[PDB]
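# pasting an experimental structure, sequence included:
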Amino acid sequence: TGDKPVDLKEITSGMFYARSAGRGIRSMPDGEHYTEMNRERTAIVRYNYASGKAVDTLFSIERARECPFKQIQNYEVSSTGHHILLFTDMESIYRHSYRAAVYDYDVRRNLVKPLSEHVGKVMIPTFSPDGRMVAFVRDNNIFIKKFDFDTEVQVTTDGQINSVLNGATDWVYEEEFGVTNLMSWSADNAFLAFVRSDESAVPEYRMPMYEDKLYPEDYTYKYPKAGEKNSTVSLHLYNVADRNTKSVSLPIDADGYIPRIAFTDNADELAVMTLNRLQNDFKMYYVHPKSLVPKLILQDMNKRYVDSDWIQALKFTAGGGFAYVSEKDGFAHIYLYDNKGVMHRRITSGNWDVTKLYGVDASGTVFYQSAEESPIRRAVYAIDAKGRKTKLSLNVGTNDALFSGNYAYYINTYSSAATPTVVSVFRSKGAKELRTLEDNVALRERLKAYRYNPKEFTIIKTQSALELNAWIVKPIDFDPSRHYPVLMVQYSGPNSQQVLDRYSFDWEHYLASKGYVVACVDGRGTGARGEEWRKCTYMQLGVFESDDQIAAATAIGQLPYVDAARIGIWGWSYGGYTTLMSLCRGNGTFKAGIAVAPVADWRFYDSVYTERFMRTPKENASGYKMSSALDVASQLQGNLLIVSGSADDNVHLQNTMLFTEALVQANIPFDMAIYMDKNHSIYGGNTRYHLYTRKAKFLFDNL
């Protein structure tokens, strides 16, 4: 009911963005405390879970000796608190990876030192279990800093940029398997295991970079497109005492993946997660670090594919069994195993998906997140060893938790479509809310000040007889007797969702203030509706997703307050692709579309992602053909705005360049924008505001 008009620059400036836990919360091994940087990132503070008191400041800029910087950006505390790593001068590499200036704060001496007496940014510094050593990556080699002897030992010598990586991971493993760190220490501190990724034979992509250069310079990196050579991976154990390395022979294929390794809490068990190239056979081995003998411990085979996020999220139990989420039975559910691989208790059941696995406490209580309430929502649950399930979340919407070491407490983040983040601390027994760390008063008051309509959730019924979760924001002085344009907003990728009872305040409300209905529909292929719903697209991406947006548009179009001749579609990345597909396959259903950094053809996208859902080009020529937007470009109808960054390392500019040329040769008019030196997130300075303005204006002129 507020007074102020929603302004596009305010959206784009983050004025509506909720304050979150973002900054740095980490549970301590004692289980009763967590650490967190203060607001100014000038100190690291230790907090009691139960009381929330700041027990002490573990490190500060003010007090520390010989501290050359005024702020930190990240930290890590050693298991004993004798050493704290401090990270400054962070440089992002890709989505997750970064390098940094890393210092060792010697707690006992109140002294800041360099981690290494070699000046140079490093990656992935990882304490040994005893806190006394730090393995880190520099220049693609592994080093171990040893605090007891004030010495650094060099573990590998063959590291080489764009060729050989030790511990760190290649572009595609980082992006698609979610793994930046393939090093792991034994529980007794005797071994550092690592994966060596050989990227030498993987093809390169080159991106011309233009800023402030007389001659352009290429950002060059290895990127395997669908069906091309991936890194070859090898597993090694370095024995700290002997300063010698051994290789592990794994009984897997030469084009397989090792997306994770991790020593368990037994010093004798190196867990190695492997996946074949088709990604339908997940096998985990335990390797004994002295005999080097691998033993198969878990195997998960799927008709279509095993989802590697569940490989990354597999949780070991104190007492070396583990909890694993498998889609075996048609939904994502938790299974509990001993250290011999014996599956002794299935934990969850029913027609709904587990969405996150937190862990298993000392009483065998299993803690997780699921969409049991609705595909649209997320709640945290506990299932104890007698099979009793308690929903721990107190509010309905989206809940996600970070548990203390013992799982006796957790920091919960809650939001709903209507309500921005409430970060509050709970005691697990009795699901008792202790206090609230943040509940965004200010943003709530700002919201009340503005005129906007709420997201109204519902289902879109298609002629094909699907029911698609959806939201709708009506225009500002909504008059049922009028005929409004609709913008359909979507992403549509495998297992993704845009229709979520979760807080978000984006340009939908700007457009709503200018007379547009905005709708968001999650079609086939999307998450939290079970395996079949998400994998029915297998080997034929985009077909069903297009069909469904076209079908959803067709139905929305029959609403009396909607002008069927003015329905548009917007999407970014897979959403961009889905836009192209929908304009190409909908026989003029959409009047306009915006396609931001779209894949044009799955041939152009990367190995691990594309093949998961499509297999290789050689094996699926029909699928790749059916799924190509580029192939059907000459069928495009409606007004298109297509946009890309010039330096997009994820969805290559190539996609957009090629699609536009198809349009040109078919005499199809369209708008395009290429943002210089920008990547897949198209931002920097005024870039987002300029882009969203462009997009809004394009809709005002064409929709």
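Received it, and whenever you're ready, just let me know what you need. Numbering: from 1, shown residues only.
# how close does residue 366 sit to residue 589?
To residue 589, residue 366 is 46 Å away according to Cβ to Cβ, to the nearest Å. Quick note: C-beta positions are derived from backbone N, CA and C, even for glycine.
# can you check residue 128 too?
Distance of residue 128 to residue 589, given as Cβ to Cβ: 59 Å.
# more neighbours, these two?
Each of residue 128 and residue 589 has its neighbours counted (other Cβ atoms under 10 Å); residue 128 has more, 23 against 20.
# and the nearest residue to residue 479 once chain neighbours are set aside, backbone torsions?
Distances taken as Cβ to Cβ, 6 or more residues apart in numbering place residue 561 nearest to residue 479, at 7.8 Å, with adjacent residues excluded. Here is the backbone geometry of residue 561 (degrees, to the nearest 10): phi -90, psi 20.
# show me what contacts residue 561?
Residue 561 sits next to 478-484, 517 when contact means Cβ atoms under 8 Å, 6 or more residues apart in numbering.
# give me the contacts around the lengthiest helix in the chain.
Secondary structure of the chain read by DSSP state H shows that its longest helix is helix 687-702. Applying Cβ under 8 Å, 6+ apart, the contact partners of helix 687-702 are 8-9, 11-13, 487, 507, 510-511, 514, 516, 568, 570, 591-592, 594, 596, 639, 641, 643, 671, 673, 675, 678, 682.
# again, only this time at 7 Å
Helix 687-702 is contacted by residues 8-9, 12, 487, 507, 510-511, 514, 568, 592, 594, 639, 641, 643, 671, 673, 675, 678, 682 when judged by Cβ atoms under 7 Å, 6 or more residues apart in numbering.
# can you flag the buried ones in these?
8, 12, 487, 507, 510-511, 568, 592, 594, 639, 641, 643, 673, 675, 678, 682 (16 or more other Cβ atoms under 10 Å).
# just give me the neighbour total for residue 90.
Around residue 90 there are 14 residues (other Cβ under 10 Å).
# repeat for the one 10 residues further on
Taking other Cβ under 10 Å as the neighbour definition, residue 100 ends up with a count of 21.
# ditto for the one 10 residues further on
Applying other Cβ under 10 Å, we find 14 residues neighbouring residue 110.
# please name the bridge partners of the closest residue to it other than its chain neighbours.
In this structure, residue 110 finds its nearest non-sequential neighbour in residue 65, 5.3 Å apart by Cβ to Cβ, 6+ apart. Residue 65 has the following beta-bridge partners by DSSP bridges: residue 111.
# wait, residue 65 sits on residue 107?
No. The criterion here is Cβ atoms under 7 Å, and residue 65 misses it with residue 107 at 11.5 Å.
# more neighbours, those two?
Of the pair residue 65 and residue 107, residue 107 is the one with more neighbours under other Cβ under 10 Å, namely 17 against 11.
# and the helices in the stretch 501-650 of the chain?
508-512, 531-535, 543-556, 574-585, 607-614, 621-626 (DSSP state H, counting those that start in this stretch).
# now residue 16: how far from residue 231?
From residue 16 over to residue 231 the distance is 41 Å, taken as Cβ to Cβ.
# which of these two has more residues huddled nearby?
In this view residue 16 and residue 231 are compared by other Cβ under 10 Å, and residue 231 has more residues nearby, 26 against 20.
# quick check: buried residues in stretch 301-308?
Using 16+ other Cβ under 10 Å as the test for burial, stretch 301-308 gives 302, 304-308.
# next, format those residues as TSV and append distance to residue 430 and secondary structure.
Below are the buried residues of stretch 301-308 laid out as TSV (distance: Cβ to Cβ, whole Å; DSSP: H, G, I helix; E, B strand; the rest coil):
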residue	distance to residue 430	secondary structure
302	38	coil
304	41	coil
305	40	coil
306	37	coil
307	34	coil
308	36	helix
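# which ones among the contacts of helix 687-702 map onto strands?
The strands, defined by DSSP state E, take in 487, 568, 592, 594, 639, 641, 643, 671, 673, 675 from the contacts of helix 687-702.
# tell me what the fourth one is bridged to.
The one in question is residue 594. residue 570, residue 641.
# thought residue 630 was touching residue 603?
No. Residue 630 is beyond contact range of residue 603, at 8.6 Å (criterion: Cβ under 7 Å).
# quick one: the strands in the stretch 351-500 of the chain, in order.
Ranges of strands within the stretch 351-500 of the chain are 354-360, 366-370, 379-383, 389-391, 398-403, 409-415, 422-427, 432-438, 450-451, 456-461, 467-473, 484-489, based on DSSP state E, counting those that start in this stretch.
# out of those, which gets nearest to residue 539?
strand 467-473 (22.2 Å; Cβ to Cβ).
# spatially central residue in this protein, please.
Nearest to the mean C-alpha position of the chain, by Cα atoms, centre = their mean, lies residue 178 at 7.2 Å.
# look up the closest residue to the residue lying farthest from the centre of the chain, ignoring the ones flanking it.
Centroid-distance maximum for the chain: residue 481 at 42.9 Å, with Cα atoms, centre = their mean. Leaving aside its chain neighbours, residue 481 sits nearest to residue 561 (7.6 Å; criterion: Cβ to Cβ, 6+ apart).
# quick check: that neighbour vs residue 484, distance?
For residue 561, the distance to residue 484 (Cβ to Cβ) stands at 6 Å.
# what's the answer for residue 3, then?
Distance from residue 3 to residue 484, by Cβ to Cβ: 23 Å.
# same drill for the two, tell me which one is more crowded.
residue 484 (18 against 8).
# residue contacts, the more buried one?
Neighbouring residues of residue 484 by Cβ under 7 Å, 6+ apart: 475, 515-517, 561-563.
# buried subset of the residues you listed?
Using 16+ other Cβ under 10 Å as the burial test, the contacts of residue 484 include 475, 516-517, 562-563 as buried.
# quick check, nearest of those residues to residue 327?
Closest to residue 327, out of all of the buried ones among the contacts of residue 484 and judged by Cβ to Cβ, is residue 517, at 36.0 Å.
# how many neighbouring residues does the closest residue to that closest one other than its chain neighbours have?
Of all residues not flanking residue 517 in the chain, residue 486 sits nearest, at 4.4 Å (Cβ to Cβ, 6+ apart). The number of residues packed near residue 486 is 27, by other Cβ under 10 Å.
# residue 630 and residue 603: who's more crowded?
Higher neighbour count among residue 630 and residue 603: residue 630, with 21 against 18, using other Cβ under 10 Å.
# the buried ones among the contacts of residue 484: which two are farthest apart?
Using Cβ to Cβ, the buried ones among the contacts of residue 484 span at most 11.8 Å, a distance reached by 475 and 563.
# got the contacts of residue 484 as CSV, with distance to residue 124 columns?
As requested, these are exported to CSV (distance: Cβ to Cβ, whole Å):
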residue, distance to residue 124
475, 49
515, 51
516, 46
517, 47
561, 54
562, 52
563, 54
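# what's the closest of those residues to residue 153?
residue 516 (62.3 Å).
# check contacts around that closest one.
Here residue 516 is in contact with 475, 484-487 (criterion: Cβ under 7 Å, 6+ apart).
# just the closest of those residues to residue 334, please.
With Cβ to Cβ as the yardstick, the closest approach to residue 334 among those comes from residue 487, at 39.0 Å.
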